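> Before we start, here is the structure in question, set down as structure tokens.
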Amino acid sequence: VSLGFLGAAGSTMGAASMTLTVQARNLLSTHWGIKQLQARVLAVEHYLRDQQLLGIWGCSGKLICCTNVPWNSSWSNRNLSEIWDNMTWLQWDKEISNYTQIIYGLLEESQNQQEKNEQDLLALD
Amino acid sequence: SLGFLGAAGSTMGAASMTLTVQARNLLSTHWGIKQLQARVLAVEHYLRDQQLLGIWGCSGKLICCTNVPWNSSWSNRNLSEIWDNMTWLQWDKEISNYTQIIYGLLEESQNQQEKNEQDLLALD
Amino acid sequence: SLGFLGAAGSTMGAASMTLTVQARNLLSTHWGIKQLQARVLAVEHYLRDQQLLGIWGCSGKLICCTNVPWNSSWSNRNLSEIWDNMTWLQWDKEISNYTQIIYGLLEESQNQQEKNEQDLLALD
Amino acid sequence: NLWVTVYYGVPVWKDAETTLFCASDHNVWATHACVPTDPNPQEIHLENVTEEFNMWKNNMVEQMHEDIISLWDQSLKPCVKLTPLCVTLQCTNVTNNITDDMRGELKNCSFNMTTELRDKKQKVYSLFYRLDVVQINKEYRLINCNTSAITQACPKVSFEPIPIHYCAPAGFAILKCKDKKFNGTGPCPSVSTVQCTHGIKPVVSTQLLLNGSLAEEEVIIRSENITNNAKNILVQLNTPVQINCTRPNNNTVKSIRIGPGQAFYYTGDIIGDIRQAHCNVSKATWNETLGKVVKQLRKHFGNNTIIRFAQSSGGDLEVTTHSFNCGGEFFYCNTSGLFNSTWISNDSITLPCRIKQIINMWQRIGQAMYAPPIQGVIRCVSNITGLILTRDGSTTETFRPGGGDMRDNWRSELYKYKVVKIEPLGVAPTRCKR
Amino acid sequence: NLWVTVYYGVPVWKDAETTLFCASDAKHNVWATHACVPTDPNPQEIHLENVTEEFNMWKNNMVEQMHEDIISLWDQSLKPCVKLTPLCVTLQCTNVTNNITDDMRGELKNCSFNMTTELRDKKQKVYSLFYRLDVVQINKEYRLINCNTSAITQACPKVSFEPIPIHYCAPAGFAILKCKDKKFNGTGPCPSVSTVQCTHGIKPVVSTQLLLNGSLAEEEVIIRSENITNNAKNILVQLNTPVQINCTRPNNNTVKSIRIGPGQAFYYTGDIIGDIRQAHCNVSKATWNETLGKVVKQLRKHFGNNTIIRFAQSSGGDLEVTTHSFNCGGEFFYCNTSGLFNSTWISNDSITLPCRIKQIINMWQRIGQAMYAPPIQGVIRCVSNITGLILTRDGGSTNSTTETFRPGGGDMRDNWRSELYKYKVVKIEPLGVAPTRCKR
Amino acid sequence: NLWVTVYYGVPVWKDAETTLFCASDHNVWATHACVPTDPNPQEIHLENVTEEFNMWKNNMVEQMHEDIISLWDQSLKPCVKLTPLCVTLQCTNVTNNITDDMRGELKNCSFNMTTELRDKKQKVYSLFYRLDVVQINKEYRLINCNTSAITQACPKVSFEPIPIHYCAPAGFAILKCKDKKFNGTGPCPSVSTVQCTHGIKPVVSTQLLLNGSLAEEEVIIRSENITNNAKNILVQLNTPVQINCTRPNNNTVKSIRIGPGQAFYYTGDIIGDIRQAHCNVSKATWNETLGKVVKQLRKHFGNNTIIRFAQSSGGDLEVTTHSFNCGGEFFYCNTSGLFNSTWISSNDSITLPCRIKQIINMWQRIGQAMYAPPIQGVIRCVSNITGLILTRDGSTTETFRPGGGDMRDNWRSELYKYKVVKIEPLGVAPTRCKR
Ligand SMILES: *[C@@H]1O[C@H](CO)[C@@H](O[C@@H]2O[C@H](CO)[C@@H](O[C@@H]3O[C@H](CO[C@H]4O[C@H](CO)[C@@H](O)[C@H](O)[C@@H]4O)[C@@H](O)[C@H](O[C@H]4O[C@H](CO)[C@@H](O)[C@H](O)[C@@H]4O)[C@@H]3O)[C@H](O)[C@H]2NC(C)=O)[C@H](O)[C@H]1NC(C)=O
Ligand SMILES: *[C@@H]1O[C@H](CO)[C@@H](O[C@@H]2O[C@H](CO)[C@@H](O[C@@H]3O[C@H](CO[C@H]4O[C@H](CO)[C@@H](O)[C@H](O)[C@@H]4O)[C@@H](O)[C@H](O[C@H]4O[C@H](CO)[C@@H](O)[C@H](O)[C@@H]4O)[C@@H]3O)[C@H](O)[C@H]2NC(C)=O)[C@H](O)[C@H]1NC(C)=O
Ligand SMILES: *[C@@H]1O[C@H](CO)[C@@H](O[C@@H]2O[C@H](CO)[C@@H](O)[C@H](O)[C@H]2NC(C)=O)[C@H](O)[C@H]1NC(C)=O
Ligand SMILES: *[C@@H]1O[C@H](CO)[C@@H](O[C@@H]2O[C@H](CO)[C@@H](O)[C@H](O)[C@H]2NC(C)=O)[C@H](O)[C@H]1NC(C)=O
Ligand SMILES: *[C@@H]1O[C@H](CO)[C@@H](O[C@@H]2O[C@H](CO)[C@@H](O)[C@H](O)[C@H]2NC(C)=O)[C@H](O)[C@H]1NC(C)=O
Ligand SMILES: *[C@@H]1O[C@H](CO)[C@@H](O[C@@H]2O[C@H](CO)[C@@H](O)[C@H](O)[C@H]2NC(C)=O)[C@H](O)[C@H]1NC(C)=O
Ligand SMILES: *[C@@H]1O[C@H](CO)[C@@H](O[C@@H]2O[C@H](CO)[C@@H](O)[C@H](O)[C@H]2NC(C)=O)[C@H](O)[C@H]1NC(C)=O
Ligand SMILES: *[C@@H]1O[C@H](CO)[C@@H](O)[C@H](O)[C@H]1NC(C)=O
Ligand SMILES: *[C@@H]1O[C@H](CO)[C@@H](O)[C@H](O)[C@H]1NC(C)=O
Ligand SMILES: *[C@@H]1O[C@H](CO)[C@@H](O)[C@H](O)[C@H]1NC(C)=O
Ligand SMILES: *[C@@H]1O[C@H](CO)[C@@H](O)[C@H](O)[C@H]1NC(C)=O
Ligand SMILES: *[C@@H]1O[C@H](CO)[C@@H](O)[C@H](O)[C@H]1NC(C)=O
Ligand SMILES: *[C@@H]1O[C@H](CO)[C@@H](O)[C@H](O)[C@H]1NC(C)=O
Ligand SMILES: *[C@@H]1O[C@H](CO)[C@@H](O)[C@H](O)[C@H]1NC(C)=O
């Protein structure tokens, strides 16, 4: 059966991939309503920032999105099976937290170039 | 055309030709609070529907074709009755009890498809 | 390597390479109301534009070619004049009156395409 | 065989409760706080749609009620508080020119009022109506002294109703019933969609409904349950009855300072003779109108029954008389000149009216308002567009004026509107597969 | 040679500070719960296997948020109540001597004063009783104690001060991590955790010295502190069994009221039927002695096996701080706890704690927002459970080998820390990357 | 043969009116309701663009005006009300050690005021300036007791004009004109984009502008319409004029409890001689400064036109004198000594006498008033005059007089170079590309 929201936390990275949906569908879900209003607004802003970034990278509607940027051993040098079968996502995030911005920048560059190349091919036939 | 909800009550098959009309109109001291509450409400509803469509594998589409088979127990009517005689209002009532079943199946189908895509890309 | 509006004044062609920079900078004691209003508006404007790209079938893209032909009555300038000489501010002024027309055509084209996709998939 | 297809932008809806906002075109109604509407708002007829309405469960009424009360209080928040006025008053009768109907109705009172300097007091003389004072044990006090705070309404802010348009938020729509001769409690075969309602004037009255919409063809009689003696009956007329109201006295208004930045207004004197306020209703118009009501009312009570009208039962003037705001002044008119019959050439009915300066609007305790007097002579003309009747419970039924629950006035203008939520995402089978 | 893969819906989080909202659980109560959002009675709790989370109850901002919300709810309740400014007059007072017993001597006074009526030009003579604690002699001339600080607002007679559980719920995008370890001492990693959306209805109980009506430890007394060897820090002790305490104000109070302006009713004690006796609380001796023995054993684990432990009284600097303050029946009690903390531990029969009653209350350590507590008609009896203790350590650098503990208390955030100790708020960070063998 | 292509993120903007929020970085302006900005804000120069600015048609001005008034009221809202001071005052002159220049002006008043208990009254002696007190028919009242209630400013809150930065909401940007010698009404060839403005000090003054931005090269003379005698002329200087303002009298401040939770502050007495408040400027600097103004002013009026300065016309003290805050005290200085000369083709000074007033009706509102507590001891402040507000008299030898009039023009000066625009990321253009 389902483990619930964050139920997979602590499970291995390759196991937790089966719970991406449950953790995605749970996003966006006298007087003194101002606190409630401020909370509702913030939840929306965070949601949209993640969606905007995925859109920039070309990952419009997918929970799993592959990108043409190669992985650098300088960011993390581990076996493919260590990463997916032994480590969890909390650990992984700590191991590569110092490369977050460079990876994101590279992803944006790749998609931008790809859009230009697609436009040129459409023009040529 | 007829304008917003102008097709309500018309045959389902005809009504479906003008989905853009509704798609455009959606998201179109304390008094200020009442307006803020209203604006937030419109946004939240809009986003929840888009979130859900994304989960099912469609984004930016008014007509989302998927791979979940239709169960004769949800409705045993034929296509000519559904599309030529029934309206959308009648239909929604007719299958109201199966909404969550269908939604659950749609999420599962996309989950499997994404995994399959990842494997094929890695495979070749 | 220019900044947020640093591309302004460059030719239309040159500026096409900075779209990421402009796009990523969108959305980023009773003066709490003024803050909420600012927050909310940034979101509403953002969503209206995304909604429109969605309707036109350009969701998720900074550059989207479509199937609406260009009418010389909107502009009869040379392709090189438009791209290698004029800037985007100038272009926007030159075709300001045709904006609504073009947007309507874009929505109609996409709606027709979606219907056609549905029929083709059903046919196999 | 068949597969699920998902459609977005599907033209369907569900009953819903959401918050509506104000729209419109220096007033008690806070118009400046409303957004302007478009000229000629778009109305869409829904062909082949039958909806179901129930006006008695309509929550638009509740919002109108709450918003109006809030605006009322907001208007008074920044105005002068007449707490220094709750003092022993020394009063005698005004006897200069009496019609013998006004005998004992108007009093001449004297009191010791505070002023600009904390060290000084004033001898102030003013006129009050009997209904605003009580005896203490010639020693009188104002009626609000043992129950409420008293706030003077701001002298420059008008009470005249301004049409207010209620608008649904995006994602919602307002359906309206155009079906003629529709009572509001069942299926409606003729429906259209709007984003904003017509402007509704927030007219406040207690027995007759003034300045509302009129029935399109015939008098319409509606209630939650016609056989229930505990319910009010709302009657919509298809013709207006014109009523001419006046307070025919030339009032000289005086003003004093009761502290820094404060001002208190009172009637200094009356020029000419002193006579009673009253309203005129033509006899012919009234008798035809009432006859139409009886005919339609028999539809529910029998083809051979007897219908009697009578004046209302006792209670506070708020419910026993017909009250209204005429040019800023507050009238309490006795309707017994009307509703006195049994059914089986410029003549008119004069309804005597009383005036009050201190009121407690919206059936509340603790919030009193002082309506400042108005300089000069007041006259206004209004349209009676409906009635609030109750019935008792043989061969004869008796109907009486009733009312006081303000939501029932609102229910009239809002009887044809419903708020629904748009539910654009739906599913249906077809032959398509990815 | 692997390409970067983007995943959304990843089960990770980071510590964060956000805004929380209340859930009432479905007429008048001081906590204004009608402003809260009703929740399901049985929120689902998700157990996290193989997850260890670092906790620190002393740096938990949820505590600060309750403190602020509680203060604000309190003020919203008083904002619309009777102003009572006109009561700050010179009073003519004598002692109530007619039927009191020895202990109650000189603790209750009979005052007369000239107060206003509805009409601005009229006055009335009013007689009322006041407790000694609220009346201060000037220069038979007295004034109320609040006159030289601020105006006093009368609490509304219809609004209850009884606590209603307030569950705190995280906003969308956030989650609350709950520590379940038995014997969790407030800090460090917690190997058994779970996720909830709302906390378990913490009650806004207000007290000093002793903690009332809280949760219990599952098996042993738990000692929690920021730094146990730092004598400047407080020690919070959670009990594994309740101690029943029965408090009363055994006098038949006849309540009277007058109008002091339009509306503006003022409430006061008119008189007392029968003889006068002091307020008090009953704690069983056997229960209390067992409870301390459990506490002493746990303290020795930190201060040394064969270390001598002595319990003593607090300093006399502040009436609220040095006594056990609570609001039984709507009255405010100030009980002397010395009978509970007078013992040296070296390895039907009950304790009676005398209590005083005060009506002018100045709480939350603020200055100038005094409240007048209306008297309560009849006789008051409350039964409460002691579910924890506050202690401070007082000693020097000398290795005397004996440690002394005193009740301490007085900082309201400690009551909140005691119950919120197991919760942490984190932000969900669903977006992230990892390498694999997939390329577009 | 071209197709419509849609682009998003296009660097296009349109003029717009939106709501800005404050950032900045106790005191009235020192409040914790703004969101502190970066120590390193960025600015992006826009090459090959020109944009039109119009400082007159600019709603940033209106927002500062509204925000400042609102903040002002929030500060005073929770402070002690002084209604009890409207009792009748018994007053005589303070002539103890009075210079002739101050004869009269300062009065010794006494009155019956309430105390902590409702039952008791107390007698108080206090000193007042003539400008705050009017005659009843030896009996006087405070000037505001017939028109408005008065609130005491909180003694713990200083009127310090702490710089406040304004920031655009996301989706908007602020364009800034970097073109030197820009008048503020036409095209600006050198423009840059910022997210936030420089911090602006919300300085209150009536004739001369104090502690604002200084012009880079030449005196800049600007107005909505030079030809219109109904418009003000704003003059921005290249060098500051140093002005030294003082209140030489040593005031001793006393306070009284007037009710529970309330205390009133007042001047008890003066230690030492009673002398007139005053401001000094260097005579040489002032003569140079006007010469620079005249030289540029002639560009609009002719080289055959005489420019003659004159003192302003009468009216309420606020607009006939130069008013400012100075240590928290409110000064009203006579500038007639600065605008006496007619201009036709060292170690000396100009002394401006000043008056002090404690009852303030700021922003020209009626119904509100503030009581300024006196400040203990001798007060001095030194400030930089960076500009002037002048008006035309309205067929030879034009006359200019001081006037500030509407305070909106104070804000205009700092904001003359900023414009708010909305970013519009979508657009289309033809290209040879089909799906
Ligand atoms: C049902 O609906 C009817 C309308 O169909 C309402 O009747 C209107 O009621 C309003 C409010 O009382 C009337 O407005 C007033 O009209 C006066 C007319 O004066 C004229 O003549 C004088 C010269 O003697 C001229 O100076 C003046 O300009 C006019 O040409 C005005 O004098 C009144 O002004 C006073 O009040 C305003 C308040 O904003 C102040 O600003 C003014 O300074 C002044 O003190 C006022 O404008 C309106 O005329 C009536 N219409 C008709 C056709 O009669 C009914 O009241 C409504 N029924 C109910 C119960 O609400
Ligand atoms: C144009 O710009 C100039 C330059 O900024 C402004 O001039 C300043 O004006 C302010 C306000 O009048 C002056 O600030 C005050 O200075 C007093 C003296 O400080 C000296 O002595 C203390 C001794 O402890 C030293 O710490 C300090 O560094 C100085 O050497 C202070 O006593 C004042 O304090 C006030 O607040 C405290 C709060 O705790 C109270 O206890 C005090 O009693 C008092 O109320 C205050 O700090 C500042 O010194 C001036 N600068 C200069 C260089 O002279 C102009 O005012 C401005 N013009 C306009 C129109 O805005
Ligand atoms: C917590 O860790 C344990 C291992 O210590 C996990 O148990 C293993 O799960 C895999 C996958 O189902 C099995 O093949 C192994 O045989 C299990 N090992 C043991 C010793 O039982 C457990 O699944 C983890 N929990 C979560 C939520 O991931
Ligand atoms: C208003 O019209 C409705 C619709 O015809 C009437 O509703 C019917 O009332 C009877 C009782 O008298 C019920 O038995 C029917 O089932 C109701 N029908 C429907 C469709 O709801 C209603 O009585 C009319 N009311 C008035 C005052 O005229
Ligand atoms: C209402 O009707 C009455 C009729 O009773 C009118 O009263 C007459 O008014 C005229 C002047 O308008 C007088 O000359 C007559 O003497 C009045 N008759 C009586 C019986 O006194 C009254 O004017 C009408 N009022 C309005 C404005 O409707
Ligand atoms: C009112 O009570 C006070 C105590 O609060 C009485 O004062 C005390 O009187 C006893 C003698 O009976 C002395 O031993 C104490 O030292 C006094 N206490 C103080 C603080 O001085 C007072 O006498 C009582 N008044 C009346 C009229 O009975
Ligand atoms: C509460 O439990 C924590 C966790 O075991 C204790 O923290 C340890 O304290 C020792 C002594 O200072 C250090 O050497 C360890 O490194 C600490 N561990 C961690 C995870 O921080 C803490 O001292 C206990 N406190 C009390 C009052 O019992
Ligand atoms: C996996 O990593 C370990 C070290 O942690 C290494 O010894 C082993 O050889 C690696 N195996 C693979 C997959 O090459
Ligand atoms: C209503 O029904 C008729 C058939 O009776 C049909 O011709 C008409 O098009 C329908 N209206 C709509 C809007 O579909
Ligand atoms: C401005 O024009 C020059 C022309 O030589 C060009 O080199 C420069 O790149 C242009 N600036 C921008 C931002 O395009
Ligand atoms: C009430 O006022 C009178 C005034 O003569 C005074 O004598 C009396 O003592 C006052 N009474 C009280 C109880 O304060
Ligand atoms: C007036 O000044 C003299 C010094 O010339 C001083 O001794 C005296 O005390 C002062 N008197 C007053 C009333 O200020
Ligand atoms: C106060 O000074 C004025 C100056 O004009 C003078 O007329 C007045 O008589 C003086 N009053 C006293 C009491 O000296
Ligand atoms: C205070 O009140 C008394 C009342 O007898 C009066 O004589 C005196 O003049 C007043 N004092 C002042 C300063 O107004």
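Labels used: A, B, ... for chains in the order of the structure tokens, numbers from 1 for residues in each chain, and numbers from 1 for ligands as shown.
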Mind listing the residues within 8 Å of ligand 2, only C-alpha atoms and all ligand atoms counted, as a VMD selection string?

chain F and resid 26 156 158 160 to 161 201 203 to 205 210 to 211 324 to 328 375 to 376 379 to 384

> Please write out the residues within 7 Å of ligand 8 as a ChimeraX atom specification, counting only C-alpha atoms and all ligand atoms.

/A:78-82

> Once you count only C-alpha atoms and all ligand atoms, which residues end up within 7 Å of ligand 9, and could you hand them over as a JSON list (two decimals) with C-alpha atoms, in the first residue's frame?


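File produced: result14.json:
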[["chain", "number", "residue", "atom", "x", "y", "z"],
["B", 7, "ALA", "CA", -23.18, 26.41, -24.93],
["B", 9, "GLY", "CA", -27.40, 23.02, -22.23],
["B", 10, "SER", "CA", -26.44, 22.31, -25.81],
["B", 11, "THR", "CA", -25.48, 18.92, -27.05],
["D", 47, "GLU", "CA", -30.63, 28.23, -24.61],
["D", 48, "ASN", "CA", -32.28, 24.92, -23.47]]

> Write down, as a PyMOL selection string, each residue of chain A that has any atom within 12 Å of an atom of chain B, counting only C-alpha atoms.

chain A and resi 14+17-45+47-48+51+55+59-68

> Go ahead and save the residues from that selection, with N, CA and C atoms, as a tab-separated table (two decimals), in the first residue's frame.


chain	number	residue	atom	x	y	z
A	14	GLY	N	16.17	5.46	-5.28
A	14	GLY	CA	15.48	4.76	-6.34
A	14	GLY	C	14.16	4.16	-5.91
A	17	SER	N	11.29	7.24	-5.83
A	17	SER	CA	10.87	7.74	-7.12
A	17	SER	C	9.43	7.34	-7.37
A	18	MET	N	8.97	6.30	-6.69
A	18	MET	CA	7.60	5.83	-6.86
A	18	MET	C	6.58	6.64	-6.06
A	19	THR	N	7.04	7.65	-5.32
A	19	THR	CA	6.15	8.46	-4.53
A	19	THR	C	6.18	9.91	-5.00
A	20	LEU	N	6.72	10.16	-6.19
A	20	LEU	CA	6.78	11.54	-6.60
A	20	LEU	C	5.39	12.13	-6.73
A	21	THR	N	4.42	11.33	-7.16
A	21	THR	CA	3.08	11.86	-7.33
A	21	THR	C	2.47	12.29	-6.02
A	22	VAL	N	2.57	11.47	-4.99
A	22	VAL	CA	1.91	11.82	-3.74
A	22	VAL	C	2.52	13.07	-3.13
A	23	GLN	N	3.79	13.32	-3.38
A	23	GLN	CA	4.36	14.50	-2.78
A	23	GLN	C	4.20	15.74	-3.64
A	24	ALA	N	3.61	15.57	-4.82
A	24	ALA	CA	3.39	16.68	-5.73
A	24	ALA	C	1.96	17.14	-5.62
A	25	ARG	N	1.04	16.20	-5.41
A	25	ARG	CA	-0.38	16.51	-5.38
A	25	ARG	C	-0.79	17.09	-4.05
A	26	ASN	N	0.15	17.12	-3.12
A	26	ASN	CA	-0.07	17.68	-1.82
A	26	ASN	C	0.55	19.05	-1.69
A	27	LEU	N	0.92	19.64	-2.81
A	27	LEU	CA	1.40	21.00	-2.76
A	27	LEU	C	0.17	21.83	-3.06
A	28	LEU	N	0.10	23.06	-2.57
A	28	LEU	CA	-1.10	23.91	-2.72
A	28	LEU	C	-2.36	23.40	-1.97
A	29	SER	N	-2.19	22.54	-0.94
A	29	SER	CA	-3.23	21.97	-0.10
A	29	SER	C	-2.66	21.68	1.29
A	30	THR	N	-12.03	37.46	16.37
A	30	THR	CA	-12.71	38.10	15.25
A	30	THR	C	-11.71	38.46	14.16
A	31	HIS	N	-12.16	38.35	12.91
A	31	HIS	CA	-11.33	38.65	11.74
A	31	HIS	C	-10.00	37.88	11.76
A	32	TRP	N	-8.89	38.63	11.74
A	32	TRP	CA	-7.53	38.06	11.77
A	32	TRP	C	-7.30	37.02	10.70
A	33	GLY	N	-7.80	37.28	9.50
A	33	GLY	CA	-7.64	36.36	8.40
A	33	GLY	C	-6.34	36.65	7.69
A	34	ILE	N	-5.79	37.82	7.96
A	34	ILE	CA	-4.56	38.26	7.38
A	34	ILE	C	-3.45	37.21	7.49
A	35	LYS	N	-3.42	36.42	8.57
A	35	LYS	CA	-2.38	35.42	8.65
A	35	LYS	C	-2.68	34.34	7.67
A	36	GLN	N	-3.95	33.98	7.57
A	36	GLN	CA	-4.33	32.92	6.67
A	36	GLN	C	-4.09	33.36	5.24
A	37	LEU	N	-4.36	34.62	4.96
A	37	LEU	CA	-4.23	35.16	3.64
A	37	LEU	C	-2.78	35.20	3.25
A	38	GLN	N	-1.92	35.57	4.18
A	38	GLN	CA	-0.51	35.64	3.93
A	38	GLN	C	0.08	34.26	3.70
A	39	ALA	N	-0.45	33.26	4.36
A	39	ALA	CA	0.01	31.90	4.18
A	39	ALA	C	-0.42	31.34	2.84
A	40	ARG	N	-1.63	31.66	2.41
A	40	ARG	CA	-2.12	31.17	1.14
A	40	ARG	C	-1.33	31.77	0.01
A	41	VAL	N	-1.01	33.05	0.13
A	41	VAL	CA	-0.24	33.70	-0.90
A	41	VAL	C	1.14	33.11	-1.01
A	42	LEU	N	1.79	32.85	0.12
A	42	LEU	CA	3.13	32.32	0.07
A	42	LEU	C	3.16	30.94	-0.56
A	43	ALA	N	2.18	30.10	-0.25
A	43	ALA	CA	2.17	28.77	-0.83
A	43	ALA	C	2.12	28.86	-2.34
A	44	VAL	N	1.35	29.81	-2.85
A	44	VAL	CA	1.28	29.97	-4.27
A	44	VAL	C	2.60	30.43	-4.83
A	45	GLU	N	3.25	31.38	-4.19
A	45	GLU	CA	4.50	31.86	-4.74
A	45	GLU	C	5.53	30.77	-4.81
A	47	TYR	N	5.03	27.57	-5.10
A	47	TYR	CA	4.65	26.64	-6.13
A	47	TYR	C	5.04	27.16	-7.49
A	48	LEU	N	4.71	28.41	-7.75
A	48	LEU	CA	5.00	28.96	-9.05
A	48	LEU	C	6.47	29.07	-9.31
A	51	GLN	N	7.51	25.81	-10.61
A	51	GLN	CA	7.01	25.53	-11.94
A	51	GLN	C	7.70	26.38	-12.98
A	55	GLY	N	9.77	24.98	-16.16
A	55	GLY	CA	9.42	25.40	-17.49
A	55	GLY	C	10.62	25.94	-18.24
A	59	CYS	N	11.09	21.22	-18.74
A	59	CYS	CA	10.42	20.20	-17.96
A	59	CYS	C	9.03	20.71	-17.61
A	60	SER	N	8.25	20.95	-18.63
A	60	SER	CA	6.99	21.63	-18.44
A	60	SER	C	6.01	20.92	-17.53
A	61	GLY	N	5.55	19.76	-17.94
A	61	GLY	CA	4.56	19.02	-17.15
A	61	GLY	C	5.04	17.71	-16.55
A	62	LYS	N	6.32	17.38	-16.64
A	62	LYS	CA	6.74	16.06	-16.16
A	62	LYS	C	7.32	15.99	-14.76
A	63	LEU	N	7.04	14.90	-14.05
A	63	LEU	CA	7.61	14.75	-12.70
A	63	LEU	C	9.04	14.24	-12.83
A	64	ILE	N	9.31	13.48	-13.88
A	64	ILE	CA	10.65	12.98	-14.16
A	64	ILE	C	11.05	13.55	-15.51
A	65	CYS	N	12.15	14.33	-15.57
A	65	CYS	CA	12.59	15.02	-16.78
A	65	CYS	C	14.07	14.86	-16.98
A	66	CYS	N	14.44	14.39	-18.14
A	66	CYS	CA	15.84	14.16	-18.43
A	66	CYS	C	16.35	15.38	-19.16
A	67	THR	N	17.62	15.72	-18.96
A	67	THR	CA	18.22	16.89	-19.62
A	67	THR	C	19.59	16.58	-20.23
A	68	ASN	N	19.95	17.27	-21.31
A	68	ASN	CA	21.22	17.04	-22.02
A	68	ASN	C	22.53	17.47	-21.34

> For chain D, work out the contacting residues on chain F at 12 Å, counting only C-alpha atoms, and write them as a PyMOL selection string.

chain F and resi 82-89+111-114+136+139-150+366-369

> Please extract the residues at most 12 Å from ligand 13, counting only C-alpha atoms and all ligand atoms, and provide them as a list in words, using the chain letters and residue numbers of this document.

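The residues near ligand 13 are residues 90, 91, 92, 93, 94, 95, 96, 98, 100, 101, 102, 103, 104, 105, 106, 107, 108, 109, 129, 130, 138 and 139 of chain F.
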
> Env of region 103-106 of chain C: 12 Å cut, atoms = only C-alpha atoms, seq-sep filter 6 positions within chain, self excluded. Answer as an MDAnalysis selection string.

(chainID B and resid 20:21 24) or (chainID C and resid 49 52:58 64:71 96:97 112:113) or (chainID F and resid 3:6 426:428)

> Limited to C-alpha atoms, could you put the picked residues into a file as a compact mmCIF listing (two decimals), in the first residue's frame?


# COMPACT_ATOMS: atom_id res chain seq x y z
CA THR B 20 -11.63 28.33 -25.17
CA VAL B 21 -14.42 30.58 -24.12
CA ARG B 24 -10.35 32.51 -21.11
CA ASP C 49 0.33 35.36 -19.66
CA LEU C 52 -2.58 32.66 -22.87
CA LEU C 53 0.49 30.69 -23.92
CA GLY C 54 -1.36 27.61 -22.81
CA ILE C 55 -4.36 28.40 -24.99
CA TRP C 56 -2.12 29.07 -27.99
CA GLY C 57 -0.20 25.81 -27.46
CA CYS C 58 3.14 27.58 -26.55
CA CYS C 64 7.06 29.23 -30.21
CA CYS C 65 6.51 29.12 -33.92
CA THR C 66 2.92 28.74 -34.99
CA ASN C 67 0.64 28.20 -37.99
CA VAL C 68 -0.84 31.67 -38.33
CA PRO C 69 0.66 33.36 -41.45
CA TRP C 70 1.83 36.91 -41.22
CA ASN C 71 -0.44 39.48 -43.02
CA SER C 96 0.35 47.77 -31.54
CA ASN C 97 -3.06 47.96 -33.30
CA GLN C 112 -8.55 23.62 -34.63
CA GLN C 113 -5.31 21.75 -34.25
CA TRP F 3 4.63 33.14 -40.04
CA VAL F 4 3.74 34.60 -36.69
CA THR F 5 6.20 33.61 -33.98
CA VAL F 6 5.51 34.07 -30.32
CA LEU F 426 4.84 38.81 -24.61
CA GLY F 427 4.91 39.77 -28.19
CA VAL F 428 4.98 38.48 -31.69
